[PDB]
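Participant: Dropping a structure here in structure tokens format, bear with me for questions.
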Amino acid sequence: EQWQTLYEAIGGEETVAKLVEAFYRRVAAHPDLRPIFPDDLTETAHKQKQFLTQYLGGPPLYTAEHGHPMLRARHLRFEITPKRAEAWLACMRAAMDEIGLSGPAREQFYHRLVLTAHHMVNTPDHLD
Ligand code: HEM
């Protein structure tokens with residue numbers, strides 16, 4: 001198959017922008033996520049747009065402004081249980097669906113996010 005970055009494959013900037021906007025609306029509404037995210041998600045969304053751009057092989061926007069992602073380390077500041085990772089991923093799938101992003105490039109991207117989310121998990125789930 002022809003080589004292209006996943007960033008291009010999914011439609012680049014415009015897709016990332018739409019996706020992030022949709023994603024944070026879902027995060028704001030999610031009871032497993034809402035309390036650990038800032039009430040104002042403006043800055044978060046900005047950073048995620050930059051991060052996902054870089055993560056997908058687009059320009060290194062996130063590093064330029066914030067330094068190396070060191071995402072797992074940054075996430076040690078929060079309790080990320082498997083349930084919370086599932087909530088994040090469920091918001092992401094819902095946002096991808098909402099913006100009408102479907103197909104193999106979507107799933108390849110989603111699978112990268114499943115792996116990253118798994119890497120972020122840092123606390124056992126709360127059971128009974
Ligand atoms: C697995 C579940 C996850 C949870 C519960 C979670 C939660 C959070 C929270 C609460 C913040 C702080 C936001 C802020 O201060 O503005 C954050 C930051 C961030 N997250 Fe996640 N996150 C998860 C997974 C991911 C994944 C999969 C990615 C990317 C693929 C990601 C990328 C980021 C980035 C780029 C930031 C900004 C770091 C910074 O302040 O520079 N997160 N996350």
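Identifiers in the structure tokens: chain A, B, ... in order shown; residue index from 1 per chain; ligand index from 1 in order shown.
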Residues of chain A that approach ligand 1 to 8 Å or less, counting only C-alpha atoms and all ligand atoms: could you list each one with the shortest pair of atoms and its distance in Å to one decimal, rows by chain and increasing residue number, as CSV?
Facilitator:
residue,atom,partner,partner_atom_place_in_ligand_line,distance
A:33,CA,ligand 1,5 (C),6.2
A:36,CA,ligand 1,10 (C),4.9
A:37,CA,ligand 1,10 (C),4.1
A:38,CA,ligand 1,14 (C),6.1
A:41,CA,ligand 1,16 (O),6.5
A:42,CA,ligand 1,16 (O),7.9
A:43,CA,ligand 1,16 (O),5.6
A:44,CA,ligand 1,16 (O),3.7
A:45,CA,ligand 1,16 (O),7.4
A:47,CA,ligand 1,37 (C),5.5
A:48,CA,ligand 1,35 (C),4.5
A:49,CA,ligand 1,35 (C),7.9
A:50,CA,ligand 1,35 (C),7.4
A:51,CA,ligand 1,35 (C),4.9
A:52,CA,ligand 1,30 (C),6.6
A:55,CA,ligand 1,30 (C),7.4
A:62,CA,ligand 1,35 (C),7.6
A:66,CA,ligand 1,41 (O),6.0
A:69,CA,ligand 1,35 (C),6.7
A:71,CA,ligand 1,33 (C),6.5
A:74,CA,ligand 1,38 (C),6.1
A:75,CA,ligand 1,43 (N),6.0
A:78,CA,ligand 1,10 (C),6.3
A:79,CA,ligand 1,5 (C),7.3
A:80,CA,ligand 1,5 (C),5.1
A:81,CA,ligand 1,5 (C),7.6
A:82,CA,ligand 1,1 (C),7.5
A:84,CA,ligand 1,5 (C),5.1
A:85,CA,ligand 1,1 (C),3.7
A:86,CA,ligand 1,1 (C),7.1
A:87,CA,ligand 1,2 (C),7.3
A:88,CA,ligand 1,2 (C),5.1
A:89,CA,ligand 1,1 (C),7.2
A:112,CA,ligand 1,30 (C),7.6
A:113,CA,ligand 1,27 (C),5.0
A:114,CA,ligand 1,27 (C),6.7
A:115,CA,ligand 1,27 (C),7.6
A:116,CA,ligand 1,27 (C),4.8
A:117,CA,ligand 1,1 (C),3.8
A:118,CA,ligand 1,1 (C),6.4
A:119,CA,ligand 1,1 (C),7.6
A:120,CA,ligand 1,1 (C),5.2
A:121,CA,ligand 1,1 (C),5.8
Participant: Give me every alpha helix (DSSP H) residue in chain A, going by DSSP on the backbone, as a ChimeraX atom specification.
Facilitator: /A:6-9,12-29,42-55,61-66,71-75,82-98,104-120
Participant: Rounded to one decimal in Å, what is the spacing between CA of residue 72 (chain A) and CA of residue 123 (chain A)?
Facilitator: 12.3 Å
Participant: Using only C-alpha atoms, determine which residues lie at most 10 Å from residue 93 (chain A), disregarding the query and same-chain residues fewer than 4 positions distant; provide the list as a PyMOL selection string.
Facilitator: chain A and resi 19+23+87-89+97-98+101-102+106-107+110
Participant: Write out, as a tab-separated table (two decimals), in the first residue's frame, the residues just selected, with N, CA, C and O atoms.
Facilitator:
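Ended up saving to selection.tsv:
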chain	number	residue	atom	x	y	z
A	19	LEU	N	-12.62	16.34	15.77
A	19	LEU	CA	-12.58	15.23	16.71
A	19	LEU	C	-12.40	15.72	18.14
A	19	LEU	O	-13.11	15.30	19.05
A	23	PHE	N	-14.88	15.31	21.18
A	23	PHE	CA	-14.39	14.52	22.28
A	23	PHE	C	-14.59	15.24	23.64
A	23	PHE	O	-15.08	14.65	24.59
A	87	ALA	N	-13.78	4.73	29.90
A	87	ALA	CA	-14.62	5.91	29.68
A	87	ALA	C	-14.01	6.85	28.65
A	87	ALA	O	-14.73	7.39	27.79
A	88	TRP	N	-12.70	7.07	28.75
A	88	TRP	CA	-12.03	7.95	27.82
A	88	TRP	C	-12.20	7.37	26.41
A	88	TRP	O	-12.57	8.07	25.48
A	89	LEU	N	-11.92	6.07	26.28
A	89	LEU	CA	-12.01	5.45	24.94
A	89	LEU	C	-13.45	5.48	24.43
A	89	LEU	O	-13.66	5.63	23.23
A	97	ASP	N	-17.48	8.69	15.97
A	97	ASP	CA	-18.76	8.42	15.29
A	97	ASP	C	-19.47	9.75	14.98
A	97	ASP	O	-20.01	9.94	13.85
A	98	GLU	N	-19.45	10.67	15.93
A	98	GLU	CA	-20.24	11.91	15.80
A	98	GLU	C	-19.73	12.72	14.64
A	98	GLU	O	-20.52	13.34	13.95
A	101	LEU	N	-16.23	10.03	11.33
A	101	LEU	CA	-14.94	9.45	10.97
A	101	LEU	C	-15.00	7.95	11.11
A	101	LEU	O	-15.03	7.42	12.25
A	102	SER	N	-14.95	7.25	9.99
A	102	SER	CA	-15.16	5.79	10.00
A	102	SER	C	-14.14	5.19	9.06
A	102	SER	O	-13.66	5.87	8.18
A	106	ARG	N	-9.44	5.37	10.66
A	106	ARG	CA	-10.00	5.58	11.99
A	106	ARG	C	-9.63	4.46	12.93
A	106	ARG	O	-9.22	4.73	14.08
A	107	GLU	N	-9.77	3.21	12.49
A	107	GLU	CA	-9.55	2.14	13.46
A	107	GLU	C	-8.10	2.00	13.82
A	107	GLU	O	-7.76	1.65	14.97
A	110	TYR	N	-7.62	4.65	16.33
A	110	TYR	CA	-8.27	4.25	17.57
A	110	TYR	C	-7.43	3.20	18.27
A	110	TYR	O	-7.28	3.27	19.50
Participant: What does the distance from CA of residue 95 (chain A) to CA of residue 125 (chain A) come to in Å, to one decimal?
Facilitator: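 Those two atoms sit 24.5 Å apart.
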Participant: Go through A:39, A:13, A:128, A:21 one by one, measure the shortest atom-to-atom distance of each to residue 92 (chain A) using only C-alpha atoms, and give the residue with the smallest value.
Facilitator: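 Closest to residue 92 (chain A) of all the choices is A:21.
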Participant: Find the residue from A:109, A:8, A:1, A:54 that sits nearest to residue 96 (chain A); use only C-alpha atoms when measuring.
Facilitator: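 Looking at the shortest contact to residue 96 (chain A), the residue is A:109.
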Participant: Which neighbours of residue 15 (chain A) fall inside 9 Å, counting only C-alpha atoms, when residues of the same chain fewer than 5 positions from it are skipped, and could you give them as an MDAnalysis selection string?
Facilitator: chainID A and resid 7 10 20 99 101
Participant: Next, the residues of the selection above should be written as a short mmCIF file (atom, residue, chain, number, x, y, z; two decimals), in the first residue's frame with N, CA and C atoms.
Facilitator:
data_model
loop_
_atom_site.label_atom_id
_atom_site.label_comp_id
_atom_site.auth_asym_id
_atom_site.auth_seq_id
_atom_site.Cartn_x
_atom_site.Cartn_y
_atom_site.Cartn_z
N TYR A 7 -2.03 10.79 10.19
CA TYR A 7 -2.57 12.13 10.21
C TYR A 7 -3.23 12.47 8.87
N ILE A 10 -6.40 10.22 7.93
CA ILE A 10 -7.68 10.48 8.52
C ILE A 10 -8.25 11.84 8.15
N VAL A 20 -11.44 16.62 18.33
CA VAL A 20 -11.17 17.14 19.66
C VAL A 20 -12.36 17.88 20.22
N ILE A 99 -18.42 12.75 14.43
CA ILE A 99 -17.87 13.60 13.37
C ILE A 99 -17.88 12.86 12.05
N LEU A 101 -16.23 10.03 11.33
CA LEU A 101 -14.94 9.45 10.97
C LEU A 101 -15.00 7.95 11.11
#
